[PDB]
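Asks: pasting the sequence and an experimental structure:
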Amino acid sequence: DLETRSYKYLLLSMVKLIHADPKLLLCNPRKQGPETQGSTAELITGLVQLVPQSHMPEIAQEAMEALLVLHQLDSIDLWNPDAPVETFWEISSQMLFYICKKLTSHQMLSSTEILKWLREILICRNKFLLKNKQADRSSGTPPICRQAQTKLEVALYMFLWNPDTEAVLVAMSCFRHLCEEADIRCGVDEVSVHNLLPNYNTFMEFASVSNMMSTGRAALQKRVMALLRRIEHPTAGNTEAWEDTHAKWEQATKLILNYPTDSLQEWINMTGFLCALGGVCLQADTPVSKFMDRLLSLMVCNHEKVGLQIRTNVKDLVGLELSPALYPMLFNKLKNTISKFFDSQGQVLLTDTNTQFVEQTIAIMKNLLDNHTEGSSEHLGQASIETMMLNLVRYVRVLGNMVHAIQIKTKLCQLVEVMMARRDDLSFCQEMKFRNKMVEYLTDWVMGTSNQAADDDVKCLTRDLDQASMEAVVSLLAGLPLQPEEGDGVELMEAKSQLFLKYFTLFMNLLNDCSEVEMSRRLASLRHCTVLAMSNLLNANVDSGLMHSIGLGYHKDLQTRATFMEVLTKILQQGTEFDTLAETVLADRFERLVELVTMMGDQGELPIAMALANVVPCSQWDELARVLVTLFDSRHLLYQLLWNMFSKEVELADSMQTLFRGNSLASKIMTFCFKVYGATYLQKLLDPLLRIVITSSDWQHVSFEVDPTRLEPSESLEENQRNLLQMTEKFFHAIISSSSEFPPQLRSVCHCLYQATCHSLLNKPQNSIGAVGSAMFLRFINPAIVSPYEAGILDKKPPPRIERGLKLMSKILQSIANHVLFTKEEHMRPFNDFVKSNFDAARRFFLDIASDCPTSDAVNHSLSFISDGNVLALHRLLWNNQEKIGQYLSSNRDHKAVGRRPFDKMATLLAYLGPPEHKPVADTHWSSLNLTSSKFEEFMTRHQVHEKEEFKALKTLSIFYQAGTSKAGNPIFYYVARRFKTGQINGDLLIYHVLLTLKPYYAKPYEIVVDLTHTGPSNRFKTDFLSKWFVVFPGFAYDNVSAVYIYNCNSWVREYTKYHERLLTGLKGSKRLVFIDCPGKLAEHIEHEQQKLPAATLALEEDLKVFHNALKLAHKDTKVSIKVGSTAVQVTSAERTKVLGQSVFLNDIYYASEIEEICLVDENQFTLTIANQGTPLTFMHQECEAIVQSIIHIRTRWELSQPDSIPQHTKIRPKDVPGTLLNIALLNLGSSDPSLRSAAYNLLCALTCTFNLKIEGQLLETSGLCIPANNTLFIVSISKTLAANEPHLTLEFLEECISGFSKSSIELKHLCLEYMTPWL
Amino acid sequence: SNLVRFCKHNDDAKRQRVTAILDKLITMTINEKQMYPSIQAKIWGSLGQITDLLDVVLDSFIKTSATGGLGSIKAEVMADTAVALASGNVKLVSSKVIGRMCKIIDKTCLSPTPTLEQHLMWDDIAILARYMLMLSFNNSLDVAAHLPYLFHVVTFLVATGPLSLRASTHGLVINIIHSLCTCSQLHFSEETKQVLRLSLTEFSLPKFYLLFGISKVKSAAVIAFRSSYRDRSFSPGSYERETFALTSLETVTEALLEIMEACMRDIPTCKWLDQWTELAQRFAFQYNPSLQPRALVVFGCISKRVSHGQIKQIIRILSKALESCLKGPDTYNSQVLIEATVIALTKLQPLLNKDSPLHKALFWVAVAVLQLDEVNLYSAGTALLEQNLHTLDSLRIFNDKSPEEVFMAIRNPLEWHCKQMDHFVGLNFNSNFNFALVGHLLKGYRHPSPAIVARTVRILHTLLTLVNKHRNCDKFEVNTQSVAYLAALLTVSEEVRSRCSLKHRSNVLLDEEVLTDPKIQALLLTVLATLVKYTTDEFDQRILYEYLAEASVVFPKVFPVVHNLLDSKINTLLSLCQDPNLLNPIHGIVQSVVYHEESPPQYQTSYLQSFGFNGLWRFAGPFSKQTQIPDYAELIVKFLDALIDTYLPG
Ligand SMILES: CCCCCCCCCCCCCCCCCC(=O)O[C@@H](COC(=O)CCCCCCCCCCCCCCC)COP(=O)(O)OCCN
Ligand SMILES: [Zn+2]
């Protein structure tokens, strides 16, 4: 009994003796025997095994102090005087390896106490490393040092989720000592600090948060899980801490569930931790995939004991905490689980579990989409959320009616509203076909006056359900053209009008019930929404729904009438066609906007840009970067922006280079600059060299390897070394020579950095060029060389043996910039000789670019392009953040009144322009700056475009088909402009089809002929979709364009080119562009009997009578030759026109069926108005009736050909009814509601300018005018003057005036008499 | 259509008949609501085209409206009827409704009243205002000839009256600008028309809705007009009426002036600006407690020339306002005639002769106002001081002399009056100028408005850059002259804190090599104590206590004159403070006191009263809630009178 107790007392005393003096027991070392361990090692192992005992807490406490005295600098030498810097690391490292594995193994009572001692040991061993490195670097890193460095990290992560607050706070602090050791081992930051410890930058943040006030575990976990979400680079420590704690989590779950609060709180912490850091372990059956399924099988956890709390928390975490790198996997699993609810034949099955699982799937999606977090945007694009949403409504659709199921419907309606605020972030395969269906399904649930029939006030919630539904429908309809499902063939035009009438009546019926005479806030809000819904419906599609809406002019609600005219006013100001109407009206209207943004703040302050930077949320930093760079370049002030933006970042953080490579608003500016302009420069330069190494037989097969371990005996080392050096010279010489070809933009970019560092040096033999040269080369030139295939330079991935040479080439080249010889790199030391000569040469290349004038007074390019597309986004951005940007301006600028300073100017102008218009829909898939030919090909290949059955349709349409060969023998392709509709099909599938056909042959030179016969605005490419063609293709194929032939061009095409000139400037004066002025030329250059132009085009054949020397009377007269074809009329101009610097003759073609109007005003000249062409076409011929006779003959023949011409019309546009609108304006300009009159005056202003009406006074459109009530003589002088000057409107005006007489009241009836008489 | 002859029938009592006929027609319009659109076109539309008959017809409208009242149905309808009448002769009805407005206002002098709403003729103005509102649209008020007279009346109505009449004045302005853009008599170039359209937008921003006093109103038009104006009379309520601030009228009066100048560039030999000036100048120098304050803030904002004779009147209208305040119990009435005098002077100084003595004598008027302890006067007082220094620089008066030399030189002739003022206020300017001009500027930190706190900081910066430049000492050197301005900027300016750092963490404040005078180092400690007695902020107390702990050791002998100021607050901090950062400096103070306390005190607490500065700590206190004249202003009245006599003999 006491004998055992005696030993403990003796053992405790001995340990304290070592604490007092460690040299007493360290004298006369035994030294490590070849077959036995030494004496100092055996002593340490004895003390270590007492720390985690917990059977003898007093001894364990002392053992910590004893081992902490043997680590002081004084006592380190005594371990082994023979070699003090080799035995230490071996002994000390194994101590960490033993102890760390114990903490991870399981929880211990003193777990929070061993950690405080373990921190000190790290501090001590850092000190001994510092001095040893100082004295002699020679410091060794045996496998144990690596095998124990890992396990140290694996034991600092799994402590982050420990429940005790003190443990986690200490653990975060211990990351400093893990980083500070990195600097000692390698002074140079980039080489090792970001290579030995890849996630070095994030670790530094742990320290800052730890130095913060203590708070409950819930508050702390939020910051901890945030930091764990930014671990970008996988590492052995990360990839093993996730799995080690995954096993504990899985088994812990079984105990909680199987058993029929502290236990739960531990479970919650492990889950939150285990998700935020999931992204590292990413990359079929896998540990990560098994985590999700087990997670989803808990959202429906029905457990009487603790079921409620589990579901309440899994919803909270998966929503607000998941790592943005796991969204693409969450959706896929989520969609499949839903898909198995609809059995074959599409009948929903209600099991009361799926009901619970959909009610959760709605809450998870809402939180996930609602939160804007860093990096989320890049990942949302990959997945397609369409198919899941549609299936989701169907299940809720059949759920039935009850107090419970109504609440589910409510939230589902709220989700769709949040899902339409991120529509730009998400990706849609078919937006139109999807957004229409949701409108179809949702309108069903809107039922008014159903709570009175139900006779239960408990179901007042139905008022909320109707209130919620409209809010969703309003967001959906913003910019949505209607499209009917092609269940039957009833003609497209007639189907849409029928569809429009279906919705308009629905809203109108709902509108009458909301009348107050027939809760006031409820009706006030609901009525307000139901009117905004109609406004969005009309704007998108006026042609098919303007007639159905005219009845709103005389509505019974004066408020409703007021709104209708406001929306009606906007339509007139917009242009029915392109009309160069934004080129004039929008260009001038938004001209001032850039001047405000480009406000040259004194001494380069630029308050608008600088202020806009900080205030804008980080999510849109992508959009903000592109807009600023593009805009300032147009103004020739790019240098100014860079100096201001970089200076704050560089001066703020002396580590200038490091931050720029890091993620931030300033950083992203560089990325855009290099990528947008660099791409062309790199590919043009590197490409010729790549052919030589990859394909030339002279190079044949050789290994660019000098690794003795991998060195193959077959090849001589000398041969490889000399060849690799010779190849490097080829690349190096090319880079230095091509100094001129450097784009101006980067030249300016380098200068600003040069001035920044040079100014940075002044305040602080470092060479500014040295840092610049290494920086530019490392981030711009180096990446392309290593992997040209990914950059898109090379179609096919280089063979691995060729790949190795490029990799080694980069290292040699990079060393030249730093003027660093090969240290501990004997592998490449023989090459060190070569770099010596080229050190001076590299300097010259850097200086030339860095020698550009700080102010480019001499270097000038006054391009001053309009940049129409960019401006719209800029105005859109300002409107959203109008308030918040003001607050930033408000804080400063007190020295001078802001009346002449940004905030005053911003508010005035921004209000003046009014709200921005809604964005149009997107035909193409979601795409971002990070796009290249390799990326596009992989994405489409992974998609199953082959069997879509819409890809197949392109084959039938015969668009871009290969046709035989040419005189030179090159294959020919024919692209048909007619066959492509603007939006009816996704625009990416067209590119994939074209790319697929050209892939086999585009390597060799090829000739392409494009047929633009009968081109119209219907078949067109938008600005955004057009840009992809320049980038999607690999790029080397562009050079293989042997020749281009254009046939049957028309004026409309020329007009398009003028508007999109900037993008097509590259093709300006293009040698490859050859224009077929007449049919008799193409057959000569092309192989006759091989050309396969469209049969329909040839069917016209231009084989009818020619009325030579007909003159097109217009603003300018151009001789036009008219051919009256059998089925159409072709107008061929006889005067050459300049298109892209090449002369050509335009040949407009008018199909006979399209000839609605044929008026022969006189034998000298005839009138030919055509559908939606505005002013008719007038020409002069000596015998007009001879021509018109045939045209009437042609049209009359078609009338017989067509099945039913009598059914037509029932379609109108604002230009068609000048009279009708004039009536409602005048009638409502005397109403009794003050607001209504103000709207009427504005409508009159926007109606007297579009149609160039002549009135006596001048009218200006504004808001807020206070008009007098007695407007009984003003509208009796406007009416009189118009009738005198514009009599032709009599028939239109008089008919409508009568129709409003009946609807108006007694008091207004007398007014109609007053201004009606002058017209008779 | 035949009453032309009868209206001037030799006053044979037949003229009395036509007015009965006209009065009968007016009653038909009020009752026959359904036939309204047809009566206006026939009866009034045609009857208003007889020039000779306009004068009598228009007169009858005013009488009918008068009886009903401001919101009565009868008066409301005649306003609409006037629109049709004016279509025939815009040039005659417009120039006759305006002529009555300008004459009613000019008769308010006979029986002055504290406010317009309390004047007897208030109703006559109110109804006449609605006529101008309706006639504003579509240029039925001839702007091309009456623009001067319309702005003149706009300024006297902004933000006065019931919420209906306040929304009307906003509508009136929005229509006058609109008529300018769409008038054919004037030929505005395409450059000018851009200016007008931007101004048209500004007045509809929520910034100006506050200035006119109709904030919390979504739209002005809706309130201005009432739909059921024929059936029932207006029903005003919520008699609570916001206040009006003479600084707001500056923004309005300067926004309008911008529009007028733009037009004057095109119209050759225009007379608008000279007609507007005369109207303002007539009310400026005439006693009317209801219009004089508003007519002075407008005279200064627009005038282009000022003479000695005019300046004497402005400074002697300030003399009488002070006298009235103390004599009678009506204070707020006459506390706005002073705040308006200072704002006027703030605008007219840079137009002076450039060599008059008054360019320098307006530095003691600014000082004499800060001594009255009122938030509104104090805010207006600094605005004069800030610009007075700015003006003198452009005239290069500080080239070879120091502020003390300049301002103290023009104070010698009337020193006898000044000396007594310094005795009571508890500050002296002869003993130490650079510290007396800083007690007055230490109260600014206690102002509620965060926009005046910035102004005082800027004022200190400019004074600092002027004393050093006289010595050519880098603008931040520490000397006897430039030490008061560094203690004041210590807690707000980073450059002063960094460039002058505490030794016991360039040069360090509290240097004993240069600060070797007991008097110049006794003041420097009360300034630091003063800033902490009233300040309440962790960052401010931290920095100021660290500089006091070091003061205990560097200046052991003079430190005990700062006990009573620190006595009360320190005692509480020791008991309850729980801040390691803020508790360290306090302990260092306690230890130093006991160590130094071993000999008779060289200087008692009353050492400052010996040479004048006994009231420095009181003058930096918070603004009194019980707003009252300090009652020693009886000397400021005598001081000002001597100033006029000495430099403006006549
Ligand atoms: C890059 C092409 C841009 C224009 C594309 C227009 C859209 C139709 C193109 C034809 C459809 C079939 C696929 C064609 C793929 C190959 C295009 C090609 O050869 O591109 C090169 C040559 O381009 C051409 O020859 C295109 C000539 C097209 C016809 C002339 C333009 C006006 C008429 C067509 C307008 C668009 C269609 C009708 C709607 C307005 C570009 O040379 P680069 O040096 O600029 O390369 C980029 C390096 N950074
Ligand atoms: Zn797709």
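Replies: That came through fine. Numbering: from 1, shown residues only, chains lettered A, B, ... in the order given. Ligands and ions are numbered 1, 2, ... in the order given.

Asks: need the three-state assignment for the residue nearest to residue A:829 when sequence neighbours are not counted.
Replies: Nearest non-adjacent residue to residue A:829, counting by Cβ to Cβ, 6 or more residues apart in numbering or on different chains: residue A:822, 4.6 Å away. Any C-beta I mention is one placed from the backbone N, CA and C, and that applies to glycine too. What DSSP: H, G, I helix; E, B strand; the rest coil gives for residue A:822 is coil.

Asks: please identify the helix or strand for the nearest residue to residue A:109 once chain neighbours are set aside.
Replies: Among residues not flanking residue A:109 along the chain, residue A:54 sits closest, at 5.8 Å (Cβ to Cβ, 6+ apart). Taking DSSP states H and E as the definition, residue A:54 sits outside all helices and strands.

Asks: and whichever residue of the stretch 1051-1200 of chain A sits closest to ligand 1, how many residues sit next to it?
Replies: Per Cβ to the nearest ligand atom, residue A:1066 is where the stretch 1051-1200 of chain A lies closest to ligand 1, at 3.7 Å. Residue crowding around residue A:1066 was assessed by other Cβ atoms under 10 Å in any protein chain shown; the count is 11.

Asks: mind listing what residue A:814 touches?
Replies: Residues near residue A:814 by Cβ atoms under 8 Å, 6 or more residues apart in numbering or on different chains: A:774, A:777, A:778, A:782.

Asks: and the closest residue to ligand 1 within the stretch 51-200 of chain A, how many neighbours?
Replies: Residue nearest to ligand 1 within the stretch 51-200 of chain A (Cβ to the nearest ligand atom): residue A:190, separated by 32.3 Å. Neighbour count for residue A:190, taken as other Cβ under 10 Å: 15.

Asks: same question for residue A:621.
Replies: 20.

Asks: any idea how far it is from chain B?
Replies: 30 Å (Cβ to the nearest Cβ, to the nearest Å).

Asks: likewise residue A:1266?
Replies: Distance from residue A:1266 to chain B, by Cβ to the nearest Cβ: 4 Å.

Asks: SS state for that residue?
Replies: Going by three-state DSSP: residue A:1266 is coil.

Asks: how much space between it and ligand 1?
Replies: Note on residue A:1266: its distance to ligand 1, by Cβ to the nearest ligand atom, to the nearest Å, is 49 Å.

Asks: in helices, which of the contacts of residue A:814 fall?
Replies: A:774, A:782 (DSSP state H).

Asks: going through the contacts of residue A:814, which ones are buried?
Replies: Taking 16 or more other Cβ atoms under 10 Å in any protein chain shown as the criterion, what is buried in the contacts of residue A:814 is A:774, A:777, A:778, A:782.

Asks: out of the residues you listed, which comes closest to ligand 1?
Replies: For the buried ones among the contacts of residue A:814, the nearest to ligand 1 is residue A:782 (21.9 Å; Cβ to the nearest ligand atom).

Asks: so what's that closest one up against?
Replies: A:810, A:813, A:814.

Asks: if we use 7 Å, what do you get?
Replies: By Cβ atoms under 7 Å, 6 or more residues apart in numbering or on different chains, the contact set of residue A:782 is A:810, A:814.

Asks: please apply the same query to residue A:58.
Replies: residue A:12.

Asks: distance of it from residue A:768?
Replies: Look at residue A:58 and residue A:768: by Cβ to Cβ, to the nearest Å, they are 63 Å apart.
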